[PDB]
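Note that the protein sequences, when read in sequence, are chains Q and m. Throughout the first sequence, residue numbering follows the authors' numbering, covering 3 to 62, 78 to 136 in sequence. 52 is the number of the first residue of the second sequence in the authors' numbering; add one for each residue after it. What follows is a set of notes on a single structure, which appears directly below.
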Amino acid sequence: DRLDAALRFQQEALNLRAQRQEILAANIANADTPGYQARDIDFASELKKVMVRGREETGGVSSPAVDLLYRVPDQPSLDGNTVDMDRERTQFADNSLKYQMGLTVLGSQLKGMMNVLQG
Amino acid sequence: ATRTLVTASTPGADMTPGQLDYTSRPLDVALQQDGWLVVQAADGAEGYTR
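So, in structure tokens, the structure goes:
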């Protein structure tokens, strides 16, 4: 209980990082599909929401209970998709580094605990 | 709004008359400027020509 609660914030943040990267990869895959609005999630609000109330799924075809918001387009396009590649690749790299940061923090905490237990 | 595309178009045709070749034949005729001869078109309809 105590150990589960202490490691729950970073674990949930890392899971939300994984889901956000899945969404960003879906946006990158559909970058040339005509009529596809780019989707993204508000990381902080959804993280607090998952924090207060546990993770839930729409079904389980299954998907998370996250709110898929639409990204504001930069410039218009005749085909009708709002996937701007610069934004997609910047968010992809930023999410990548933040996921690596979450892995580093969680691994440091778990070693910081094995150090105590080991004897 | 930054992206504006190009579309080719053909807005009608040019009605400036050309140069008349004088041929000593009674059946070759030339109309006045902005005048048209009438023929029965291919599909039983009416068409105009120079």
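All C-beta atoms in this analysis are idealised placements derived from N, C-alpha and C, irrespective of residue type, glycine included.
Anyone know if the C-beta pair for residue i and residue j falls short of 8 Å?
i	j	result
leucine 16 of chain Q	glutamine 108 of chain Q	no
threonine 99 of chain Q	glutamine 39 of chain Q	yes
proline 93 of chain Q	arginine 54 of chain m	yes
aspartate 103 of chain Q	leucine 86 of chain Q	no
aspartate 42 of chain Q	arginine 19 of chain Q	no
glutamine 126 of chain Q	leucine 9 of chain Q	yes
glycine 37 of chain Q	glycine 124 of chain Q	no
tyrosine 99 of chain m	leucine 88 of chain m	yes
Taking its Cβ as the centre, do 16 or more other Cβ atoms sit within 10 Å of residue i, making it buried, or is it exposed?
i	result
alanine 64 of chain m	exposed
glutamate 48 of chain Q	buried
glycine 62 of chain Q	exposed
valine 83 of chain Q	buried
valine 133 of chain Q	exposed
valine 52 of chain Q	buried
Under a CB-based cut-off of 8 Å, is residue i close to chain m?
i	result
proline 93 of chain Q	yes
Spell out whether any CB of chain Q is found under 8 Å from the CB atom of residue i.
i	result
residue 18 of chain m	Here chain m covers residues 52 to 101 and nothing more, so residue 18 of chain m does not appear.
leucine 71 of chain m	no
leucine 56 of chain m	yes
So what does residue i bridge to, in DSSP terms?
i	result
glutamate 59 of chain Q	Q:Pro81
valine 90 of chain m	m:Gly98
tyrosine 87 of chain Q	Q:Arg41
Let me check understanding here. Comparing Cα to Cα, which of the options lies closest to residue i?
i	options	result
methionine 118 of chain Q	Q:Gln13, Q:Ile30 and Q:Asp91	Q:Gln13
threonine 35 of chain Q	Q:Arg106, Q:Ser113, Q:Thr121 and Q:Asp101	Q:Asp101
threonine 67 of chain m	m:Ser60, m:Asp94, m:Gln83 and m:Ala92	m:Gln83
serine 80 of chain Q	Q:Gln21, Q:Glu105, Q:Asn29 and Q:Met130	Q:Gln21
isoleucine 30 of chain Q	Q:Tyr116, Q:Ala110 and Q:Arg106	Q:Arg106
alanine 81 of chain m	m:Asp94, m:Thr61 and m:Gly69	m:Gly69
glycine 56 of chain Q	Q:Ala7, Q:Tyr116, Q:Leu114 and Q:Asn112	Q:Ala7
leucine 56 of chain m	Q:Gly129, Q:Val122, Q:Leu95 and Q:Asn112	Q:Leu95
Strictly under 8 Å for the Cβ-Cβ distance: is residue i near chain B by that measure?
i	result
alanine 82 of chain Q	Among the protein chains of the structure shown, namely Q and m, there is no chain B.
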